[PDB]
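So this block is run-v3.csv, CSV, C-alpha atoms and all ligand atoms:
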```csv
chain,number,residue,atom,x,y,z
C,15,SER,CA,0.0,0.0,0.0
C,16,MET,CA,0.9,3.7,-0.1
C,17,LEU,CA,2.0,3.9,3.5
C,18,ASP,CA,3.9,0.6,3.6
C,19,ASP,CA,5.7,1.5,0.3
C,20,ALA,CA,6.7,4.9,1.9
C,21,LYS,CA,8.2,3.3,5.0
C,22,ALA,CA,10.2,0.6,3.0
C,23,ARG,CA,11.7,3.3,0.8
C,24,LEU,CA,12.6,5.5,3.9
C,25,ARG,CA,14.3,2.6,5.8
C,26,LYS,CA,16.9,2.3,3.0
C,27,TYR,CA,18.3,5.9,3.7
C,28,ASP,CA,18.4,5.4,7.5
C,29,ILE,CA,21.8,6.2,9.0
C,30,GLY,CA,20.7,5.3,12.6
C,31,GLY,CA,22.7,6.4,15.7
C,32,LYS,CA,26.0,6.5,13.7
C,33,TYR,CA,26.5,10.4,14.1
C,34,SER,CA,24.6,10.7,17.4
C,35,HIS,CA,27.4,10.6,20.1
C,36,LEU,CA,29.7,13.3,18.5
C,37,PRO,CA,30.3,16.4,20.8
C,38,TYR,CA,28.1,19.0,19.0
C,39,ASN,CA,25.4,21.5,20.2
C,40,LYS,CA,22.5,19.2,19.3
C,41,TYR,CA,19.0,19.9,17.7
C,42,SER,CA,16.5,17.5,16.2
C,43,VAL,CA,13.6,18.1,13.7
C,44,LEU,CA,10.5,16.0,12.8
C,45,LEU,CA,9.4,15.8,9.2
C,46,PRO,CA,5.7,14.8,9.7
C,47,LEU,CA,4.0,12.8,6.8
C,48,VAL,CA,0.2,13.0,6.6
C,49,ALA,CA,-2.1,11.1,4.3
C,50,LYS,CA,-5.1,13.1,2.9
C,51,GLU,CA,-7.3,12.5,-0.1
C,52,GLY,CA,-5.2,9.6,-1.4
C,53,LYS,CA,-1.8,11.5,-1.2
C,54,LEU,CA,1.2,12.1,1.1
C,55,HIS,CA,1.7,15.6,2.6
C,56,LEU,CA,4.4,17.2,4.8
C,57,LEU,CA,3.3,19.3,7.8
C,58,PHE,CA,5.1,22.7,8.3
C,59,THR,CA,5.0,25.5,11.0
C,60,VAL,CA,5.3,29.2,10.7
C,61,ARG,CA,7.3,30.5,13.6
C,62,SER,CA,5.8,33.2,15.9
C,63,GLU,CA,6.8,36.8,15.3
C,64,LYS,CA,8.0,36.9,19.0
C,65,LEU,CA,10.8,34.3,18.7
C,66,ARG,CA,14.5,35.1,19.0
C,67,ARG,CA,15.7,33.1,16.0
C,68,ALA,CA,13.9,33.4,12.6
C,69,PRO,CA,10.5,34.9,13.6
C,70,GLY,CA,7.9,34.5,10.9
C,71,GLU,CA,9.8,31.8,8.9
C,72,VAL,CA,8.6,28.4,7.7
C,73,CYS,CA,10.2,25.4,9.4
C,74,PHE,CA,9.6,21.8,10.6
C,75,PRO,CA,8.8,21.2,14.3
C,76,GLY,CA,12.0,20.7,16.3
C,77,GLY,CA,14.5,22.3,18.7
C,78,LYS,CA,17.2,21.8,21.2
C,79,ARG,CA,18.1,18.6,23.1
C,80,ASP,CA,17.7,18.7,26.8
C,81,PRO,CA,18.9,16.4,29.6
C,82,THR,CA,15.5,14.6,29.9
C,83,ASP,CA,15.7,13.2,26.3
C,84,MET,CA,16.7,9.5,26.0
C,85,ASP,CA,17.9,10.1,22.4
C,86,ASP,CA,17.7,12.5,19.4
C,87,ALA,CA,14.3,11.1,18.4
C,88,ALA,CA,12.9,11.9,21.8
C,89,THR,CA,14.0,15.6,21.3
C,90,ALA,CA,12.0,15.8,18.1
C,91,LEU,CA,8.8,14.2,19.7
C,92,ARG,CA,9.0,16.4,22.8
C,93,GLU,CA,9.2,19.5,20.7
C,94,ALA,CA,6.5,18.5,18.3
C,95,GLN,CA,4.1,17.9,21.3
C,96,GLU,CA,4.8,21.3,22.8
C,97,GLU,CA,4.6,23.2,19.5
C,98,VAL,CA,1.6,21.6,17.8
C,99,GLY,CA,0.0,19.2,20.3
C,100,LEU,CA,1.3,16.0,18.6
C,101,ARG,CA,1.3,13.1,21.1
C,102,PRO,CA,3.6,10.1,21.0
C,103,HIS,CA,1.0,7.5,20.3
C,104,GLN,CA,0.1,9.7,17.2
C,105,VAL,CA,3.5,9.3,15.6
C,106,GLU,CA,5.6,6.4,14.3
C,107,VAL,CA,9.3,7.3,13.8
C,108,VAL,CA,10.4,5.5,10.6
C,109,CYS,CA,14.0,6.7,10.2
C,110,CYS,CA,16.8,9.1,10.8
C,111,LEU,CA,18.1,11.0,7.7
C,112,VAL,CA,21.5,12.6,7.1
C,113,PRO,CA,22.2,15.3,9.7
C,114,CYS,CA,23.0,18.9,8.8
C,115,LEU,CA,26.1,20.7,10.0
C,116,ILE,CA,25.8,24.5,10.8
C,117,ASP,CA,28.0,27.2,12.2
C,118,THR,CA,31.0,24.9,12.9
C,119,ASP,CA,29.7,23.7,16.4
C,120,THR,CA,26.0,22.6,15.7
C,121,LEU,CA,24.5,19.3,14.3
C,122,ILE,CA,20.7,19.1,13.4
C,123,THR,CA,19.3,15.5,13.1
C,124,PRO,CA,16.1,15.1,11.0
C,125,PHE,CA,13.5,12.3,11.7
C,126,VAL,CA,10.7,11.2,9.4
C,127,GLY,CA,7.5,10.2,11.2
C,128,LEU,CA,4.1,8.9,10.0
C,129,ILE,CA,1.2,10.8,11.6
C,130,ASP,CA,-2.1,9.2,12.6
C,131,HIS,CA,-5.1,10.2,10.4
C,132,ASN,CA,-7.2,11.5,13.4
C,133,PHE,CA,-4.5,14.1,14.5
C,134,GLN,CA,-5.5,17.8,14.5
C,135,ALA,CA,-2.9,20.5,15.2
C,136,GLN,CA,-3.4,22.6,18.3
C,137,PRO,CA,-0.7,25.4,17.7
C,138,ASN,CA,1.0,26.9,20.7
C,139,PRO,CA,0.7,30.7,19.9
C,140,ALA,CA,3.8,31.5,22.0
C,141,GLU,CA,5.9,29.5,19.4
C,142,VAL,CA,3.8,28.9,16.3
C,143,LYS,CA,1.7,31.4,14.4
C,144,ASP,CA,0.4,28.9,11.8
C,145,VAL,CA,0.4,25.2,10.7
C,146,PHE,CA,-0.1,24.0,7.0
C,147,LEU,CA,0.2,21.0,4.8
C,148,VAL,CA,1.9,20.8,1.4
C,149,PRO,CA,1.5,17.8,-1.0
C,150,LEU,CA,4.7,15.9,-1.2
C,151,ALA,CA,4.5,15.9,-5.1
C,152,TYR,CA,4.9,19.7,-5.1
C,153,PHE,CA,8.6,19.4,-4.3
C,154,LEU,CA,9.2,17.7,-7.7
C,155,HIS,CA,7.9,20.7,-9.6
C,156,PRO,CA,8.0,23.7,-7.3
C,157,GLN,CA,7.3,27.4,-8.1
C,158,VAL,CA,10.8,28.9,-7.7
C,159,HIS,CA,11.8,32.5,-7.1
C,160,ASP,CA,15.4,33.7,-7.0
C,161,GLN,CA,16.1,36.1,-4.1
C,172,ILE,CA,21.2,35.1,-5.7
C,173,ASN,CA,19.5,31.9,-4.2
C,174,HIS,CA,16.4,29.6,-4.7
C,175,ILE,CA,13.1,30.2,-2.7
C,176,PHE,CA,9.9,28.1,-3.1
C,177,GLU,CA,6.4,29.7,-3.2
C,178,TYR,CA,3.4,27.5,-2.3
C,179,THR,CA,-0.2,28.7,-2.6
C,180,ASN,CA,-2.8,26.6,-0.6
C,181,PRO,CA,-5.9,26.2,-2.9
C,182,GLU,CA,-8.2,26.0,0.2
C,183,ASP,CA,-7.7,29.7,1.1
C,184,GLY,CA,-5.3,31.3,-1.5
C,185,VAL,CA,-2.6,32.0,1.2
C,186,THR,CA,1.0,31.9,-0.2
C,187,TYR,CA,4.0,30.7,1.9
C,188,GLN,CA,7.7,31.0,1.3
C,189,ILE,CA,9.8,27.9,2.0
C,190,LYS,CA,13.6,28.0,1.9
C,191,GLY,CA,17.0,26.9,3.3
C,192,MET,CA,17.5,23.6,5.1
C,193,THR,CA,13.6,23.2,5.3
C,194,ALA,CA,13.3,23.3,1.5
C,195,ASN,CA,16.3,21.0,1.0
C,196,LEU,CA,14.9,18.3,3.4
C,197,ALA,CA,11.4,18.5,1.8
C,198,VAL,CA,12.9,17.9,-1.7
C,199,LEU,CA,15.0,15.0,-0.3
C,200,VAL,CA,12.0,13.2,1.2
C,201,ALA,CA,10.0,13.7,-2.0
C,202,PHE,CA,12.8,12.1,-4.1
C,203,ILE,CA,13.1,9.1,-1.7
C,204,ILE,CA,9.4,8.3,-1.6
C,205,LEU,CA,8.2,9.3,-5.1
C,206,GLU,CA,11.0,8.5,-7.5
C,207,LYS,CA,10.5,5.7,-10.0
C,208,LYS,CA,6.8,4.8,-9.5
C,209,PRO,CA,4.2,3.2,-11.9
C,210,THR,CA,1.1,5.5,-12.2
V,1,LIG,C1,17.0,23.3,14.5
V,1,LIG,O1,17.0,24.7,14.6
V,1,LIG,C2,17.7,25.4,13.6
V,1,LIG,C3,17.2,25.5,12.3
V,1,LIG,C4,18.0,26.3,11.4
V,1,LIG,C5,17.5,26.4,10.0
V,1,LIG,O2,18.3,26.7,9.1
V,1,LIG,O3,16.3,26.1,9.7
V,1,LIG,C6,19.1,27.0,11.8
V,1,LIG,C7,19.5,26.9,13.1
V,1,LIG,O4,20.6,27.5,13.6
V,1,LIG,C8,21.3,28.4,12.8
V,1,LIG,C9,18.8,26.1,14.0
V,1,LIG,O5,19.2,26.0,15.3
V,1,LIG,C10,20.6,25.8,15.4
```

Mind turning the file's structure into structure tokens?
Ligand SMILES: COc1cc(C(=O)O)cc(OC)c1OC
Amino acid sequence: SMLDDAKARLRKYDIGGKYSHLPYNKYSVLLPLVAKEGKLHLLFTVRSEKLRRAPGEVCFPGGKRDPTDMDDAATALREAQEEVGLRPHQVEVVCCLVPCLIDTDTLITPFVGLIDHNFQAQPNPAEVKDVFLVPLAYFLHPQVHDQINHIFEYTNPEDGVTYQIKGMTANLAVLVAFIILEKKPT
């Protein structure tokens, strides 16, 4: 099926705990996959205007590891719960993708998780201004604007609201789309 085929594909790019012990400042992100109307979607947040780093920007749920976390996946789940209400029984963590190195001293580890069909986002307004879905297929033929560097513009046909997606967030979305959608019979 669609979901089982997505997980089998994702498991082949799983690096595991390989890079997890290295002595970095550590952050984790969740890439949440949602099935709606026969198709896979990614869930995104718009950061609150009040935040210190990157107010008003599109990003995945995530943040900094703390001493309670058993592992890097636990960081991602804890942060997703606190930002958009996502509970642990509502997410299956499928795999750990290649981490991102930033600023010489920081490592960001992304996890892909399948989200239960009955989940509804309760955004925390102190951290999250907005939550939205994008069809996974969009990342194969995006609408690109050059800022000189590449920015994606997505218009939700439900309400005509346009979002800008860029940087690490845009790169990870394209990656996940390639992994799951490349080479499929129609
Ligand atoms: C996981 O949080 C981050 C995300 C990004 C980003 O590029 O989206 C940049 C960061 O630092 C420069 C972050 O914290 C270190």

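From CA of residue 77 in chain C back to CA of residue 42 in chain C, the distance works out to 5.8 Å.
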
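The space separating CA of residue 26 in chain C from CA of residue 75 in chain C comes to 23.5 Å.
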
Practice prompt. Could you give me, as JSON, numbers by chain, the residues within 8 Å of range 200-209 of chain C, counting all atoms listed in the file and dropping anything in the same chain fewer than 3 positions from it?
Written response: {"C": [19, 20, 23, 24, 150, 151, 153, 154, 196, 197]}

Chain C near ligand LIG 1 (chain V) within 9 Å: what's each residue's closest atom pair and its distance in Å to one decimal, counting only C-alpha atoms and all ligand atoms, ordered by chain then ascending residue number, as a Markdown table?
```
| residue | atom | partner | partner_atom | distance |
| --- | --- | --- | --- | --- |
| C:39 | CA | V:LIG1 | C10 | 8.0 |
| C:40 | CA | V:LIG1 | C10 | 7.9 |
| C:41 | CA | V:LIG1 | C1 | 5.1 |
| C:42 | CA | V:LIG1 | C1 | 6.1 |
| C:43 | CA | V:LIG1 | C1 | 6.3 |
| C:67 | CA | V:LIG1 | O4 | 7.8 |
| C:68 | CA | V:LIG1 | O3 | 8.2 |
| C:71 | CA | V:LIG1 | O3 | 8.7 |
| C:72 | CA | V:LIG1 | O3 | 8.3 |
| C:73 | CA | V:LIG1 | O3 | 6.1 |
| C:74 | CA | V:LIG1 | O3 | 8.0 |
| C:75 | CA | V:LIG1 | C1 | 8.5 |
| C:76 | CA | V:LIG1 | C1 | 5.9 |
| C:77 | CA | V:LIG1 | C1 | 5.0 |
| C:78 | CA | V:LIG1 | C1 | 6.9 |
| C:116 | CA | V:LIG1 | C8 | 6.3 |
| C:117 | CA | V:LIG1 | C8 | 6.8 |
| C:120 | CA | V:LIG1 | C10 | 6.3 |
| C:121 | CA | V:LIG1 | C10 | 7.7 |
| C:122 | CA | V:LIG1 | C1 | 5.7 |
| C:123 | CA | V:LIG1 | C1 | 8.3 |
| C:124 | CA | V:LIG1 | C1 | 9.0 |
| C:190 | CA | V:LIG1 | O3 | 8.5 |
| C:191 | CA | V:LIG1 | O2 | 5.9 |
| C:192 | CA | V:LIG1 | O2 | 5.1 |
| C:193 | CA | V:LIG1 | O3 | 5.9 |
```

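Minimum atom-to-atom distances from C:57, C:114, C:88, C:194 to residue 156 in chain C were compared using only C-alpha atoms, and the lowest value belongs to C:194.
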
Expressed in Å, the length from CA of residue 148 in chain C to CA of residue 58 in chain C is 7.8 Å

Legend entry - Spatial neighbours of residue 109 in chain C, max dist 7 Å, all atoms listed in the file, sep filter under 3 positions, as a ChimeraX atom specification: /C:24-25,28,125-126

Counting all atoms listed in the file, which residues of range 124-172 of chain C sit at most 10 Å from some atom of range 177-181 of chain C, and what is each one's closest atom pair with its distance in Å to one decimal, listed by chain and rising residue number, as JSON lines?
```
{"residue": "C:146", "atom": "CA", "partner": "C:180", "partner_atom": "CA", "distance": 8.5}
{"residue": "C:147", "atom": "CA", "partner": "C:180", "partner_atom": "CA", "distance": 8.3}
{"residue": "C:148", "atom": "CA", "partner": "C:180", "partner_atom": "CA", "distance": 7.7}
{"residue": "C:149", "atom": "CA", "partner": "C:180", "partner_atom": "CA", "distance": 9.8}
{"residue": "C:152", "atom": "CA", "partner": "C:178", "partner_atom": "CA", "distance": 8.4}
{"residue": "C:153", "atom": "CA", "partner": "C:178", "partner_atom": "CA", "distance": 9.8}
{"residue": "C:156", "atom": "CA", "partner": "C:177", "partner_atom": "CA", "distance": 7.4}
{"residue": "C:157", "atom": "CA", "partner": "C:177", "partner_atom": "CA", "distance": 5.5}
{"residue": "C:158", "atom": "CA", "partner": "C:177", "partner_atom": "CA", "distance": 6.3}
{"residue": "C:159", "atom": "CA", "partner": "C:177", "partner_atom": "CA", "distance": 7.2}
```

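Nearest to residue 134 in chain C of all the residues C:64, C:160, C:48, C:87 is C:48, counting only C-alpha atoms.
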
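Distances here use only C-alpha atoms; by that measure, the residue among C:21, C:66, C:92, C:131 closest to residue 51 in chain C is C:131.
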
Shortest contact to residue 118 in chain C, candidates C:155, C:80, C:38, C:172, atoms counted all atoms listed in the file, goes to C:38

Q. So which residues touch residue 65 in chain C within 10 Å, counting all atoms listed in the file, skipping near sequence neighbours fewer than 6 positions away, as a ChimeraX atom specification?
A. /C:140-142
